[PDB]
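**Q** test case, fold it:
(9 chains, ligands or ions: 44)
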Amino acid sequence: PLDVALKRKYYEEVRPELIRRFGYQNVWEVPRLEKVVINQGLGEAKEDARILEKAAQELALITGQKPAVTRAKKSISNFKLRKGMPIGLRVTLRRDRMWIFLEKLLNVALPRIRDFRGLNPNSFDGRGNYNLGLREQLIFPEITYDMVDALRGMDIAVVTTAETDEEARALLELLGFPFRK
Amino acid sequence: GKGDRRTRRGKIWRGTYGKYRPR
Amino acid sequence: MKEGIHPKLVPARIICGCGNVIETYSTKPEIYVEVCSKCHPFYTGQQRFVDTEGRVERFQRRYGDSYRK
Amino acid sequence: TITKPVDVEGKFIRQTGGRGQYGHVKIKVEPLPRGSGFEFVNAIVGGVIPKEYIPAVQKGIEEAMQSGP
Amino acid sequence: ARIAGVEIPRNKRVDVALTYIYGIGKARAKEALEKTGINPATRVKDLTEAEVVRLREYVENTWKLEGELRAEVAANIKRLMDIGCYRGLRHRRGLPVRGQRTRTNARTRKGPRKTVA
Amino acid sequence: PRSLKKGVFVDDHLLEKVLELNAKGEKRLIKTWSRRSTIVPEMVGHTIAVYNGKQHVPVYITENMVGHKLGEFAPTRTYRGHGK
RNA sequence: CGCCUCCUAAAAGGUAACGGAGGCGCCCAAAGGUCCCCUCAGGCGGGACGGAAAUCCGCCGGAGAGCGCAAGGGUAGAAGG
RNA sequence: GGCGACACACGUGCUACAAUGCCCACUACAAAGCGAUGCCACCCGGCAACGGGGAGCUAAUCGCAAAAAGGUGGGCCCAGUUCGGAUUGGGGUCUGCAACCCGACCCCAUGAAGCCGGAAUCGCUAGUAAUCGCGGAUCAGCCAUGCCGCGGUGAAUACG
RNA sequence: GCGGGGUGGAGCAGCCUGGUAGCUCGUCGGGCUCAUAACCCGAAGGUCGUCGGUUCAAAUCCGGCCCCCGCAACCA
Ligand SMILES: [Mg+2]
Ligand SMILES: [Mg+2]
Ligand SMILES: [Mg+2]
Ligand SMILES: [Mg+2]
Ligand SMILES: [Mg+2]
Ligand SMILES: [Mg+2]
Ligand SMILES: [Mg+2]
Ligand SMILES: [Mg+2]
Ligand SMILES: [Mg+2]
Ligand SMILES: [Mg+2]
Ligand SMILES: [Mg+2]
Ligand SMILES: [Mg+2]
Ligand SMILES: [Mg+2]
Ligand SMILES: [Mg+2]
Ligand SMILES: [Mg+2]
Ligand SMILES: [Mg+2]
Ligand SMILES: [Mg+2]
Ligand SMILES: [Mg+2]
Ligand SMILES: [Mg+2]
Ligand SMILES: [Mg+2]
Ligand SMILES: [Mg+2]
Ligand SMILES: [Mg+2]
Ligand SMILES: [Mg+2]
Ligand SMILES: [Mg+2]
Ligand SMILES: [Mg+2]
Ligand SMILES: [Mg+2]
Ligand SMILES: [Mg+2]
Ligand SMILES: [Mg+2]
Ligand SMILES: [Mg+2]
Ligand SMILES: [Mg+2]
Ligand SMILES: [Mg+2]
Ligand SMILES: [Mg+2]
Ligand SMILES: [Mg+2]
Ligand SMILES: [Mg+2]
Ligand SMILES: [Mg+2]
Ligand SMILES: [Mg+2]
Ligand SMILES: [Mg+2]
Ligand SMILES: [Mg+2]
Ligand SMILES: [Mg+2]
Ligand SMILES: [Mg+2]
Ligand SMILES: [Mg+2]
Ligand SMILES: [Mg+2]
Ligand SMILES: [Mg+2]
Ligand SMILES: [Zn+2]
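**A** Residues are numbered from 1 along each chain as shown, chains lettered A, B, ... in the order given. Ligands and ions are numbered 1, 2, ... in the order given. Dropping the coordinates below:
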């Protein structure tokens, strides 16, 4: 790997706080991040202008990771939906790339959210993981006004080896996740 | 804008003065 | 990872407005920014910008105790 | 006599060439405590139906009462 | 979304570009160009990031705008609704508040005409 | 709204009734007609009966309703709806 | 009125009636050969638009899914993707 | 308290949809009327509404009073806009016992419908139509965009 | 027993060939008239007889159940 700012912060500042608060008898018992999945829930590319790999360069500049396609499982009438229809993108961030992205998402992007009163302190898995939903995409530093054509939000899956939300709050917290309440 | 109180013109019509029509 | 399908990630420098400098990585080696975590009014302690308004509504109104008894 | 108060309409309008005929009246009718009598309230507001067409709109409600259903 | 929460049109003058923001009429666009020292006749495309940050910093820090404005606005209406006073009762239903007449007109507070048989 | 030069307005045959309960024994039912009176901070927590032309409307008073008059809290037109 | 599935059919097979219920007269150039990989329905929790149900993440879930079409049998230690 | 209600329908208007325009400053040219608990100069305070002053005048005397369009230059460049000003938030100023119902005005923020109007329909033949301001009655204030007047600029067409 | 049918208030399309409901009258608002008809402009109303299945999707394809028309009910 390589030296990145939130990653160093995890090992030498966040970890030990945690070990304090919860007292672990093993260095592996102590919450890690496992992965960060980004999913453009989508479906704006159903029967309409099906090929939006303009979305997939959005995603690819944010993460440096080309995402993958998601296709309609069951066909569905009311969603105008033909099984095997491209209805979205998914990019799976791990390791350095994950750190790099999460870093830029706490340090710049989440404040570039208009009307930000803080992330929801209630979106915890019940099993350690956290999920946020972003409503658009100029949020991210490397994305300008002069690249867009439509506002696409995205779902952020934050995945963690924590067993409870208690230790999930703490961990995300300490890394600098802004919770409203 | 004769209904636009925020002009000389909209203020003349109503016959009032203000910042937008000073005396 | 897979060759020639990924946007290379390079040492980038993101500059904010409040004078803040982040050293992270990106696809764009130099980027400028509106507000961030060293200046954003949620991130900065309790900067209410302009509005500790607050519950001035109501009876701070007073003005005054000018009714006879 | 009836066993539940109703509210009903009577539209006698026949307009097809001057010939005339317009008679319109919406009413509430309810069952009195037996032995009562025939009660008729001119609760017409203003002149929505002119004064002159009210004597003979009782005489029509009154007339058709001579034979129940 | 440069200044404040919404990016402003270039090619147009700044004493109107700054009015393309919720909470900033022409007069707040009058006072925010003397107080930060920038020519009103220059276009958003003909600036410098110096001239950009001064304005952004000033404009955002002085009065309250955007969401927070609308927030407090709805908040004020929500209170007037809550108690609730007539002034705020005319928000519930959605008729004119400032004591108009309703018999005819008021189609702005009441919307498209529901013609009735 | 009124001119601030003159003090805010209260009927004085009511403000008298507001304070005299504050000392003797709070509180009973103040039957009022003065819809014109601005709500005074000394009223808060009281119940005052604003007339509407026909009936005495119970109005309990709180800390978010002060500048408003007792008339805003007892309408006169009774409406329901149209075409129901 | 021929053909397929179930029952009647009496625990091999077969077994009738103008007995009880369905379905076929096609299809697929991949829906075929083989190699390699992958595992479902459903439930709860979480997530911008996004609803009971589109896509994403978690945990539970041996098979209730899927197997072009009826039904039966079979079947993830795959015949399913 | 109501005549100011609001699912709706009709009449009468005002203001608009813009570049023959709209905004800002600089500068001109009317008439008819009104004015002694009334008109209010000018000076000062406030972005202002207005307020504290305070001179004149029973007024071809002093005043309301700037008429407005227009003229000089400069800005916006065809966009739901620097067109539009409805609606709503907050703060105010005055009248008046009192502006919740239910006043008008100021200023700050908001900046809706409306891109020239289906069937149908009005007015006007000349200083008229159109367009622009002014005054008066009532009047504490004002819901007047109404009414009765006044002058500015100033057309088109009538074969029949 | 055999056939056809049931869809805005009336009468008729759509059904065969799954996706999207149509025509004339009537109703309603506005117009014209002194007024009424006629006529002109504009609008609303079915959620396709029901219950069940097929399908991603059912007025539409399939099954049952209520109803209505047509034909049959012979040698006996
Ligand atoms: Mg939770
Ligand atoms: Mg976990
Ligand atoms: Mg005009
Ligand atoms: Mg304007
Ligand atoms: Mg006191
Ligand atoms: Mg006849
Ligand atoms: Mg503005
Ligand atoms: Mg009004
Ligand atoms: Mg056997
Ligand atoms: Mg046997
Ligand atoms: Mg054998
Ligand atoms: Mg048999
Ligand atoms: Mg096969
Ligand atoms: Mg196969
Ligand atoms: Mg193969
Ligand atoms: Mg599942
Ligand atoms: Mg869920
Ligand atoms: Mg979407
Ligand atoms: Mg199965
Ligand atoms: Mg089948
Ligand atoms: Mg009254
Ligand atoms: Mg009246
Ligand atoms: Mg607009
Ligand atoms: Mg529009
Ligand atoms: Mg505008
Ligand atoms: Mg206000
Ligand atoms: Mg009032
Ligand atoms: Mg145009
Ligand atoms: Mg025009
Ligand atoms: Mg003549
Ligand atoms: Mg006038
Ligand atoms: Mg008018
Ligand atoms: Mg039969
Ligand atoms: Mg029918
Ligand atoms: Mg046919
Ligand atoms: Mg068809
Ligand atoms: Mg009609
Ligand atoms: Mg006559
Ligand atoms: Mg007629
Ligand atoms: Mg179905
Ligand atoms: Mg059927
Ligand atoms: Mg027969
Ligand atoms: Mg025979
Ligand atoms: Zn900063």
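
**Q** C-alpha only now, for contacts and for neighbours.
**A** Fine.

**Q** my read: residue F:65 touches residue F:39, true?
**A** Yes - under the criterion of Cα atoms under 8 Å, residue F:65 makes contact with residue F:39 at 7.4 Å.

**Q** chain E: helices as residue ranges?
**A** E:14-17, E:26-31, E:49-62, E:66-82, E:86-92, E:107-110 (DSSP state H).

**Q** in the fourth one, what's buried?
**A** In terms of neighbour count (16 or more other Cα atoms under 10 Å in any protein chain shown), helix E:66-82 has its buried residues at E:66, E:77-81.

**Q** one more: the last one?
**A** For helix E:107-110, the neighbour count (16+ other Cα under 10 Å) marks no residue as buried.

**Q** for that helix, packing partners?
**A** Packing partners of helix E:107-110 (3 or more Cα pairs under 8 Å, 6 or more residues apart in numbering or on different chains; DSSP states H and E): none among the helices and strands.

**Q** if we can go back for a sec, which one of residue F:65 and residue F:39 has more residues nearby?
**A** Comparing residue F:65 with residue F:39 by neighbour count (other Cα atoms under 10 Å in any protein chain shown), the higher total belongs to residue F:65, at 25 against 22.

**Q** I'd like to know how many residues surround residue 54.
**A** Went with chain A since none was named. Residue A:54, neighbours per other Cα under 10 Å, totals 13.

**Q** wrong one, I was asking about chain F
**A** For residue F:54, using other Cα under 10 Å, the count is 7.

**Q** which residue is it, in chain B, that comes closest to chain F?
**A** residue B:18 (18.7 Å; Cα to the nearest Cα).

**Q** phi, psi of the residue nearest to that residue when sequence neighbours are not counted?
**A** Nearest non-adjacent residue to residue B:18, counting by Cα to Cα, 6 or more residues apart in numbering or on different chains: residue B:11, 8.0 Å away. Backbone torsions of residue B:11, given as degrees, to the nearest 10, read phi -90, psi -30.

**Q** right, and residue B:11 touches residue B:4 too?
**A** Yes - the pair residue B:11 and residue B:4 qualifies as a contact (Cα under 8 Å) at a distance of 7.3 Å.

**Q** same drill for those two, tell me which one is more crowded.
**A** Ranked by neighbour count (other Cα under 10 Å), residue B:11 and residue B:4 place residue B:11 first, with 20 against 12.

**Q** dump the residue contacts of the more buried one.
**A** With contact taken as Cα atoms under 8 Å, 6 or more residues apart in numbering or on different chains, residue B:11 is in contact with B:2-5, B:17-18, B:20-21.

**Q** ok, and the most crowded of the residues you listed?
**A** residue B:5 (18 neighbours).

**Q** what about the nearest residue to that one once chain neighbours are set aside, distance to ligand 7?
**A** Spatial nearest neighbour of residue B:5, excluding adjacent residues (Cα to Cα, 6+ apart): residue B:11 at 5.0 Å. To ligand 7, residue B:11 is 20 Å away according to Cα to the ion, to the nearest Å.

**Q** rewinding a little: and the helices of chain E: which comes nearest residue E:6?
**A** helix E:66-82 (8.8 Å; Cα to Cα).

**Q** check whether the closest one contacts chain C.
**A** No - judged by Cα under 8 Å from any Cα of the partner chain, helix E:66-82 stays clear of chain C, getting no closer than 9.4 Å.

**Q** close to ligand 7, is that helix?
**A** No - contact of helix E:66-82 with ligand 7 (Cα under 5 Å from the ion) is absent, the minimum separation being 10.5 Å.

**Q** pull the distance from that helix to the chain's centre.
**A** Relative to its chain's centre, helix E:66-82 lies at 13 Å (Cα atoms, centre = their mean, to the nearest Å).

**Q** helices and strands around that helix, which ones?
**A** helix E:86-92.

**Q** which residues does the helix it packs on contact?
**A** Contacts for helix E:86-92 (Cα under 8 Å, 6+ apart): E:77-82, E:96-98, F:72-73, F:75.
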